[PDB]
Each structure stands twice: as C-alpha cells, then as structure tokens.
Amino acid sequence: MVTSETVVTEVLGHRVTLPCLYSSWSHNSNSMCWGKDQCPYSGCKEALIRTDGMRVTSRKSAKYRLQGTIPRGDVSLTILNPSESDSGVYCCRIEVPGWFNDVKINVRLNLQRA
Amino acid sequence: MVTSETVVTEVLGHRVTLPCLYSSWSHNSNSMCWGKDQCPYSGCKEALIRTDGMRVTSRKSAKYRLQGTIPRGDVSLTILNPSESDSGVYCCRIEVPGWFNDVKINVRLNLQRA
Amino acid sequence: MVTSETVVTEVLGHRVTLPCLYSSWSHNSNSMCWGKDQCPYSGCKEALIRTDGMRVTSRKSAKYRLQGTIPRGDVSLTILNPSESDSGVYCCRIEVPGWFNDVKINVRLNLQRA
Amino acid sequence: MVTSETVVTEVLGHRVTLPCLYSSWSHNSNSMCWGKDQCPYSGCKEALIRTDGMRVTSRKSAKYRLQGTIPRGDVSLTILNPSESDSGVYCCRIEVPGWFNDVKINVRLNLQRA
Amino acid sequence: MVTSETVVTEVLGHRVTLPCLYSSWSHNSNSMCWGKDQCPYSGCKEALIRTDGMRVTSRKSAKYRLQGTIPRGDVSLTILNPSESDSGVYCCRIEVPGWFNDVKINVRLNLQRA
Amino acid sequence: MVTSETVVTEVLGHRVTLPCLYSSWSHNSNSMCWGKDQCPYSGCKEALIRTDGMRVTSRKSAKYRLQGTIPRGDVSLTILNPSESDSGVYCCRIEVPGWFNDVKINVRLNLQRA
Amino acid sequence: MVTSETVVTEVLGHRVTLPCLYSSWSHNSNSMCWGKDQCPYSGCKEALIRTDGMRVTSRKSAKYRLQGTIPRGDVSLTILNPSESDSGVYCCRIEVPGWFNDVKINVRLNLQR
Amino acid sequence: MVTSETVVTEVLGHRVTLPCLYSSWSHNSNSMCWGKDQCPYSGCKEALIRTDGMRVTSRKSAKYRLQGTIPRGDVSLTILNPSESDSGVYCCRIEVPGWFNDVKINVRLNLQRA
C-alpha cells in the first residue's frame with residue numbers, strides 16, 4: 001500500500017521538532033499521542049508522550065516535549081538533545097471520537113552531522 | 001529542513017514498484033536517474049538505473065527496471081525479486097534544464113514477509 | 001468512519017448509469033467488479049459483473065452492462081430497465097496490483113415514480 | 001440527476017454522530033432541522049429535531065441530541081443507543097433568509113454488527 | 001436564490017463572442033442550444049441556435065454562429081454585426097443524458113459604442 | 001472583456017439582500033459604498049449608501065440598509081420594501097489604502113412577482 | 001496596486017529560458033510577443049520577438065528564440081548568450097480576440113556572476 | 001531556478017507597504033528582518049529593519065516601519081516618503097528554528113511619478 005510521510009532532516013546538538021498539526025482540533029473531542037516505529041494503539045496507552053485535548057498528561061520527560069499550542073491542534077513533538085539513535089519513523093496519532101476515525105500522521109527523523 | 005516522501009509498504013516474493021511521475025516531461029529536455037539512500041549527484045552518473053529523454057541507458061540490470069512509459073514521464077522504479085535488504089529510502093532525480101531546476105522525489109520502501 | 005458517495009436519482013424504467021472512473025487504468029494490470037450493498041472481496045468473485053482490464057469476463061446479464069471504454073478506466077455500471085429492487089448502494093471495486101492497493105467507490109441509486 | 005452525500009459507517013452499542021456543519025451560521029439569521037429519508041419541508045416542522053439560532057427547540061425523542069456548538073453552525077446529529085433500524089439516509093436542512101436559499105445536506109448511516 | 005453568471009463587456013463594430021465551454025463533451029451523448037433572456041426548455045427547440053453532438057443543426061443564421069470546436073465542447077456563441085438590442089442575458093443549455101442532468105450557464109452581454 | 005457577477009433571484013414583498021463580503025476587512029484601513037448600474041467613483045461620493053470602516057456614514061436612505069457586521073467585512077446590501085425598479089445591476093466598492101487597490105464586486109438583482 | 005510575477009534566477013554562460021505558457025492557445029485566434037521593461041502595445045509591433053499563432057513571424061534573431069511548441073501555447077522565451085545587461089523585467093503579451101482580453105505575464109530575470 | 005514574487009506599484013511620495021505574512025508565527029520561535037536586493041544572512045545582523053518575535057528590535061529608522069501585528073506574523077514593511085532610490089527588489093526573511101528552515105519572501109517595489 002502506498003501512503004505518505006513527512007521527512008525532517010536535521011543536525012545534532014539542538015532540540016529538534018517533528019511537525020504534527022490537526023487544525024480542526026477541539027479540546028472537547030480530541031486527544032493525541034506519539035509513538036516510535038509504530039503508531040500507539042487506540043486509547044494511547046503505551047506512548048512516548050500523550051495529551052488530553054488541552055495539555056500533556058504524560059509524566060514530565062527529560063527527552064520529550066510538546067511546545068506548541070495544543071488546543072489549536074499543534075501537537076508537534078520536540079525531542080531534546082537528540083542523538084543518532086533518535087533517527088527513524090515516528091507516528092502521531094490524533095484521537096477522534098467514533099469508529100476508526102483516528103488520524104495517523106507519520107514523520108521520519110533523519111539526523112546528520114553538520 | 002522538512003520535505004515529504006512516499007511510503008511503499010509491500011510484501012516479498014513479487015516485484016514492487018516505487019512511484020515517480022513527472023507530468024511536465026518532454027524527451028528533448030528532461031532526463032532521470034534513481035539512487036538508494038541519497039539522490040545521485042548532478043548529471044545522474046553513478047545511479048541504480050539511468051535514462052536520457054527516451055530510454056534506459058545504463059546496462060540491462062536484472063534487479064532494476066522501468067516498466068512505465070518514460071517519454072510520458074513515468075519513471076517509476078520496478079524492483080524484481082526484492083529481499084529485505086532492498087527496504088530503505090530511494091531517490092528519483094528528474095533533470096530539468098537550467099540552474100538548480102532539478103526535481104528530487106523520495107520514496108521509502110518497506111518490505112514485509114506476510 | 002466517514003466517507004463519501006455519489007447519489008444517482010433517476011426514474012423507474014429508464015436505463016441508468018452509475019459513474020465509476022479510474023483514470024490510471026491499464027489493460028495489463030487492472031481489473032474490476034461491481035457489487036450490491038457491499039464491494040465484492042478481492043478476486044472479484046460473486047459479483048454483479050466483472051472484468052479483466054479489456055472487457056467484461058462475466059457471462060452476460062440482461063440487467064447489467066459496462067458500456068464505457070473499459071481499457072481507459074470508465075467502468076461505470078449501466079442497469080437496464082431498473083426496478084424498485086434495484087435501488088440501493090452499489091460498490092465499484094478497482095483491483096490494483098500489490099498489497100492493499102484496491103480502490104472502492106460507492107454509488108447509491110435512488111429510483112423515483114413519475 | 002447526480003448529487004453527493006457523506007457516509008457514516010459505525011458500530012452498534014455506542015452513540016453515533018452524523019456530521020452537518022454550516023460555518024456562516026448566525027443565531028440572528030439561521031435555524032435548522034433533521035429528517036429521515038427525505039429532508040423536512042421549509043419551516044422545519046415534522047422533524048426528528050429542530051433548532052432556532054441558538055439551541056434545540058423540540059425533538060421527537062430523547063434519542064436525538066445536538067451536542068455540537070450550535071451558534072457556530074455545528075448542528076451534527078447524535079443518535080443515542082442506535083439499533084439496525086436507525087440505518088438509512090438522513091437529511092440536514094439549514095434554513096437561510098430569502099427565497100429558495102435553504103441548504104440540504106445528506107448523510108447515510110450504516111450500522112454494522114459483530 | 002443566488003447563482004452566478006459571466007459578464008461580457010464589449011464594443012460594437014465587430015462580431016463578439018459569448019463563452020460556453022463544456023469540457024466533458026462527447027458527440028455521442030451531448031448536444032446544446034442558446035437562448036436569450038432564458039435557456040430554451042428541455043429538447044432545445046425554439047432557440048437562437050442549436051446543435052447535436054457534432055455540429056449546428058438549426059438553419060444557417062446571418063446573426064448566430066458557432067465558430068468554436070463543438071466536438072470538444074466549445075459551444076461559445078458568435079454574434080455577427082451586433083447592435084445595442086443584442087445586449088442582455090444569454091443562457092447556454094448543455095443537454096446531458098438522464099433525468100435533470102442538463103447544465104445551464106449564463107452570460108450577460110454589455111455592448112458599448114465605437 | 002470577461003468578468004463575473006453574482007445573480008440574486010428573489011420575490012417582491014419582502015426585504016432582499018445583495019451579498020458583498022470582504023473577509024480581510026479592517027476598520028482602520030477599509031471603507032465601502034454601493035452603487036446602482038456602476039460602482040461609485042473613487043471616494044464613494046454619491047452612492048446608494050456608504051460606510052467609514054465601522055458603520056454607515058451616509059445615505060441610509062430609507063430603502064437602503066447595511067445590517068450585516070461591517071467591522072467583519074459583511075457589507076451586504078439590504079433593500080427594504082423592494083419594487084420592480086430595484087431590479088438591475090449593483091456594484092459594491094471596497095476602498096483599500098494605496099494606489100488602485102479598490103475592489104469592485106458586482107451583483108445583478110432579479111425581482112419576480114410573489 | 002499589487003500584482004505578481006515569476007522570477008528566473010540563472011547563471012551566465014548558457015542560454016536561459018523565461019517561462020510563458022497559455023494553455024488555452026489556438027492557432028486561429030492567439031498570437032504573441034515579448035517585450036523588455038514593459039509589455040509591447042496591442043498589435044505585437046515591435047517586441048523582442050513575435051508570432052502569428054503558429055510560428056515566429058518577426059525577423060530571425062541571433063539573441064532571441066522561441067524553442068517551445070508554439071501551437072500548444074508554450075511561448076517561453078529563450079535568450080542566447082546572456083550578459084548582465086539582459087537582467088530585468090520581461091513581459092509576455094498573449095493576444096486574445098475581442099476587447100481588452102489580452103493577457104500579460106511578467107518574468108524577472110536575475111543573472112549572477 | 002524559478003520562483004515568484006509580489007509586485008507593488010505605487011506613486012513616489014506616498015507611504016507604501018510591502019506585504020510579508022507568516023501565519024505560523026510564534027513569538028517563542030520566530031524572528032525576521034528585511035533586506036534590499038538580497039535577503040540578510042541567517043541571524044539578521046545587518047538588514048533594513050529587524051524583530052525578535054514581538055516587536056522591532058533594530059534602532060528606529062525614519063524610513064522603515066513595521067506597522068502590522070508582528071506576533072500574528074504580519075511583518076509587512078512600511079516605507080515612509082519613498083524616493084526613486086527606494087524602487088527595486090526587497091527580501092523578507094522569516095527565521096525558523098532548526099536547519100535550513102528559513103523562509104525567503106520577495107517583493108518588488110515599482111515607484112511611478114506623480
């Protein structure tokens with residue numbers, strides 16, 4: 001099957017950001033989580049980071065951060081002080097009410113030397 | 001910098017194709033080549049496969065084939081008897097006349113066993 | 001899950017056509033079948049009507065016909081002398097080579113009286 | 001004649017929602033109603049549910065709910081405890097000032113078992 | 001009710017053209033006619049000018065001409081030796097098979113002196 | 001030369017509205033006026049009705065009213081107690097700072113009996 | 001007043017091309033000419049170069065050539081042996097039958113050292 | 001390489017604004033500067049004028065002004081009493097965190113005589 005994904009090509013030494021925007025976001029209905037390699041399953045249990053529709057509900061992490069305006073659907077992932085092992089495919093799962101309405105948006109991180 | 005790429009998720013044992021289309025194609029002006037991991041450098045010289053404006057000019061490779069119609073801009077890469085080592089990023093470079101007009105189109109291949 | 005479909009509103013007894021177009025069609029690789037209520041499963045068995053990429057390979061219906069240019073991807077369904085039992089949802093399944101590449105297109109037929 | 005409609009494919013046992021959005025909505029000018037199979041006539045009486053510019057003013061049953069933010073034009077229909085008989089075509093009628101300006105928006109609900 | 005129309009602002013003294021293009025045109029199914037003030041009724045009888053799928057079938061007119069390529073759907077109206085009385089609203093009726101599939105496209109002509 | 005316009009087809013006996021929306025409107029920079037047959041000249045002098053960017057500043061005639069939200073760019077014209085002589089072409093002129101930046105928006109009104 | 005134009009940033013030493021496409025082109029009705037700084041006046045006389053709707057009708061020039069397929073509306077301008085003085089705004093005037101129907105398309109050429 | 005730019009045509013002696021809008025602007029992340037003929041380099045340390053994401057941080061110029069709301073991304077340039085030497089190409093550089101994410105936006109100013 002053929003799908004599409006975003007590619008972020010970056011340099012080591014500063015935090016990097018993986019874009020995920022869901023413009024129609026509403027704090028009343030939506031929530032979100034990030035996973036590596038694969039999308040977290042429905043109900044966002046086993047994720048890198050997670051939100052409720054307003055803010056991060058995940059325990060505070062040294063690595064993972066959401067620095068965008070979450071109530072407007074800017075759930076972009078910030079990865080602090082990245083290393084080469086952080087390279088690879090990430091999945092942003094937007095939770096949508098109802099049956100099989102979730103949106104999965106993929107971002108590939110490619111870290112290289114300046 | 002952020003770009004985008006096509007993802008092809010496929011199964012082993014049959015030929016797979018990585019889509020690459022250049023609608024504006026004209027045989028007198030355009031040319032093309034394919035590369036793995038990275039785009040070949042300007043002048044498409046050490047690539048997986050290469051064409052002029054009409055046809056494949058590099059050898060006759062058992063693994064790599066272009067089965068689409070090149071003069072109409074269908075330069076999709078076909079890979080015969082693919083194995084797991086064939087997974088990864090491929091790059092399709094459309095050569096366009098002039099200064100920095102070349103088009104680079106990326107496709108990530110993911111092969112599963114099923 | 002949320003999708004979309006075309007609705008064809010016609011009068012009982014008049015031949016009707018349910019639109020289904022696949023612009024990218026190739027006589028070498030594509031095929032198709034139509035189903036009522038649900039799309040036929042892959043391999044288009046037990047269908048209203050079916051093709052190979054050139055022509056209808058199904059026997060012949062007094063009712064069902066493909067009158068468009070099948071090798072150019074116009075696999076629109078024509079229904080002769082439709083009756084009230086012919087109202088309802090139809091599904092046009094385009095068979096595409098590879099893993100989960102098939103396209104499903106829905107058309108709802110609504111027949112009226114006078 | 002050919003029109004288009006959205007299809008909502010859902011599972012039994014939980015409330016389902018049928019989208020109907022009118023962005024230009026104003027509590028001063030607009031009102032709305034929902035009907036089954038056919039759109040309610042002008043003046044939105046004999047309906048499943050109906051509003052003024054702000055809120056629901058009458059419903060045929062507690063089964064039907066408008067839970068979106070209505071003054072912003074989200075008059076999407078929620079159906080509580082849906083059963084198989086709830087499947088079929090629904091029509092959302094937006095009332096607009098002037099002569100023949102009403103908007104009719106159709107949604108087909110498909111409830112599945114298993 | 002609100003619709004839209006094209007406006008042609010022109011000068012007297014040379015033939016003028018009112019655009020009407022129907023890209024989907026096919027000589028096997030489509031035909032057309034022009035009317036002044038209103039589109040002619042279905043079946044395009046007592047019209048300014050009329051065609052079948054290929055060509056003008058109404059008597060040759062000293063005033064009205066179709067100079068575009070009709071089999072490709074260019075059924076734009078040419079008006080020879082225009083005078084001020086030629087100003088006003090025109091309607092281009094595309095005849096399409098089936099129930100209420102005809103398309104009406106309106107053009108208002110405003111002719112000026114010199 | 002070819003342009004386009006909105007057509008409002010309405011009935012006598014009730015107020016009618018002619019649409020003119022300018023979304024980028026700002027009370028600090030924009031103003032507007034309506035004219036019959038032609039847009040009023042630059043400076044909107046002797047128009048049907050005119051505003052200063054916030055509200056109508058001249059010629060709320062009797063007939064002519066602006067009931068939309070002017071600061072949000074809804075400068076749609078309401079004509080109270082319309083008669084047949086009110087049919088015809090109207091022009092909405094949006095005044096914009098700088099050289100020849102004004103926008104002209106045309107609406108043709110067609111009034112029918114009742 | 002605010003309009004738009006395409007920008008061609010190129011390098012010296014090879015012929016350069018300024019795009020101008022009119023998809024709707026038909027040889028019976030359309031014709032075309034190019035001008036520098038400003039559009040040539042109606043009646044494409046004179047331009048750097050001009051056509052009749054099929055092919056170039058102006059004298060054959062050493063500097064200016066139209067290498068696209070003109071009957072399909074590819075009236076892009078090719079400039080042979082460009083120098084810095086060739087930089088600036090160019091205007092492609094597509095002639096269309098009737099009153100004030102002509103299309104003007106602007107391209108700015110920027111040549112670098 | 002081929003890009004596009006906005007053209008502003010104004011009359012000498014009148015203040016002009018050169019549009020530059022960046023919708024995604026955030027006071028936390030973005031900064032900007034304007035240059036003539038060419039974009040200022042990364043880090044905007046010469047330029048015509050510059051901001052820190054909230055306001056102009058370059059010392060006040062008699063010529064150059066940013067009068068739009070900078071925190072919403074309107075970094076349009078206002079030039080007071082422009083003279084003939086002010087004609088020409090301008091470049092608006094939006095600075096974005098990470099590697100090669102800066103956006104370059106061009107405006108050509110054309111000043112005409114009174």
Side-chain angles (χ1 to χ4, degrees), chain A residues 29 42-43 95-102, chain C residues 1-10 12 18 33-42 45-48 77 79 82-93 102 104-113, chain D residues 3-21 32-40 44 46-51 56 58-68 74-93 104-112 114:
Chain A
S29 48
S42 215
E95 291 186 295
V96 182
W99 188 73
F100 276 76
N101 292 328
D102 285 4
Chain C
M1 67 169 309
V2 188
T3 60
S4 157
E5 75 188 352
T6 297
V7 179
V8 173
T9 304
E10 281 285 332
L12 286 170
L18 314 184
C33 59
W34 275 95
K36 181 94 136 78
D37 299 304
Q38 315 282 327
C39 240
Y41 300 111
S42 39
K45 278 165 191 296
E46 240 142 300
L48 271 17
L77 177 64
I79 304 173
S83 64
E84 334 235 35
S85 64
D86 288 317
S87 283
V89 179
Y90 293 73
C91 183
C92 170
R93 185 182 188 114
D102 287 4
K104 296 130 110 76
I105 295 168
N106 281 318
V107 182
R108 213 224 322 146
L109 173 61
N110 177 32
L111 294 165
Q112 297 190 317
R113 62 175 179 82
Chain D
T3 56
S4 159
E5 77 191 354
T6 121
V7 180
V8 171
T9 298
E10 276 288 335
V11 167
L12 289 173
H14 286 300
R15 63 175 57 93
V16 302
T17 299
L18 316 184
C20 186
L21 309 180
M32 174 274 329
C33 60
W34 276 97
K36 179 98 138 79
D37 303 306
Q38 314 281 328
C39 235
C44 279
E46 68 193 349
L48 267 14
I49 189 163
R50 140 131 95 137
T51 68
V56 173
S58 70
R59 66 237 306 156
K60 143 159 170 177
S61 179
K63 200 194 199 237
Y64 301 119
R65 220 58 76 93
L66 262 47
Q67 295 182 309
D74 183 346
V75 290
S76 300
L77 174 62
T78 290
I79 303 173
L80 304 178
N81 297 344
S83 65
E84 276 159 39
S85 64
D86 287 317
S87 285
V89 182
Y90 291 75
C91 185
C92 171
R93 186 181 188 115
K104 295 164 175 163
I105 294 169
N106 291 284
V107 184
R108 188 192 120 221
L109 172 60
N110 171 29
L111 291 161
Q112 300 164 317

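All values below come from the heavy atoms of this structure, side chains included, with hydrogens, waters and symmetry mates left out. We name chains A, B, ... by the order of the sequence lines, and we start the count at 1 in each one.
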Practice problem: May I have the step-by-step check of side-chain contact (heavy atoms from CB on, under 4.5 Å) for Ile49(D) and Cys33(D), ending in yes or no? | Solution: CA-CA 6 Å; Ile49(D) 189 163; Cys33(D) 60; over 6 Å; no

Exercise. Only counting residues at least two apart or in another chain, list the ones meeting side-chain contact (heavy atoms from CB on, under 4.5 Å) with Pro82(C).
Key: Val16(C), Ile79(C), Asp86(C), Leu111(C)

Exercise. Please list, chain by chain and in numerical order, all residues satisfying side chain to side chain donor-acceptor pair (under 3.5 Å) with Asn101(A), sequence neighbours excluded.
Key: none

Quiz item: Does the side chain of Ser4(C) come under 3.5 Å of the side chain of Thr6(D) through a donor N or O and an acceptor N or O?
Solution: no

Quiz item: If every non-hydrogen atom of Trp99(A) is compared with every non-hydrogen atom of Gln112(D), which pair is closest and at what distance?
Solution: CH2-OE1, 3.6 Å

Quiz item: How far apart are the closest heavy atoms of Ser76(D) and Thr17(D), and which atoms are they?
Solution: CB-CG2, 3.9 Å

Quiz prompt | Nearest non-hydrogen partners of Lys104(D) and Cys91(D), listed with the distance | solution = CB-SG, 4.2 Å

Quiz item: Any donor-acceptor pair under 3.5 Å linking the side chain of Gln67(D) with the backbone of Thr78(D)?
Solution: no

Quiz item: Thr9(C): what forms a side chain to side chain donor-acceptor pair (under 3.5 Å) with it, not counting sequence neighbours?
Solution: none

Quiz item: Does CZ belonging to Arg15(D) count more than 12 external heavy atoms closer than 6.0 Å?
Solution: no

Quiz item: Got a sec: does the CD of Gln38(C) have more than 12 other heavy atoms crowding it under 6.0 Å?
Solution: no

Exercise. With disulfide (SG to SG under 2.5 Å) as the test, would you mind laying out the steps for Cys39(C) and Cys92(C) before giving the verdict?
Key: CA-CA 7 Å; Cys39(C) 240; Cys92(C) 170; over 6 Å; no

Quiz item: What is the minimum heavy-atom distance between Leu48(D) and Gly35(D), and which atoms define it?
Solution: CD2-C, 3.7 Å

Quiz prompt | Stepwise side-chain contact (heavy atoms from CB on, under 4.5 Å) test for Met32(D) and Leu66(D) | solution = CA-CA 11 Å; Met32(D) 174 274 329; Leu66(D) 262 47; 3.6 Å; yes

Exercise. Verify side-chain contact (heavy atoms from CB on, under 4.5 Å) between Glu10(D) and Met1(C), making sure each step is shown before the conclusion.
Key: CA-CA 6 Å; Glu10(D) 276 288 335; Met1(C) 67 169 309; over 6 Å; no

Quiz item: Closest approach of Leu18(C) and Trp34(C), non-hydrogen atoms and distance?
Solution: O-CZ2, 3.6 Å

Quiz item: Is it true that a side-chain atom of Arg65(D) and a backbone atom of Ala62(D) form a donor plus acceptor pair closer than 3.5 Å?
Solution: yes

Quiz item: With no hydrogens and no angle check, is any side-chain donor or acceptor of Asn110(C) less than 3.5 Å from a backbone partner on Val8(C)?
Solution: no

Self-check item: For the student: nearest non-hydrogen atoms of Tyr90(D) and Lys36(D), plus distance
Solution: CZ-CD, 3.3 Å

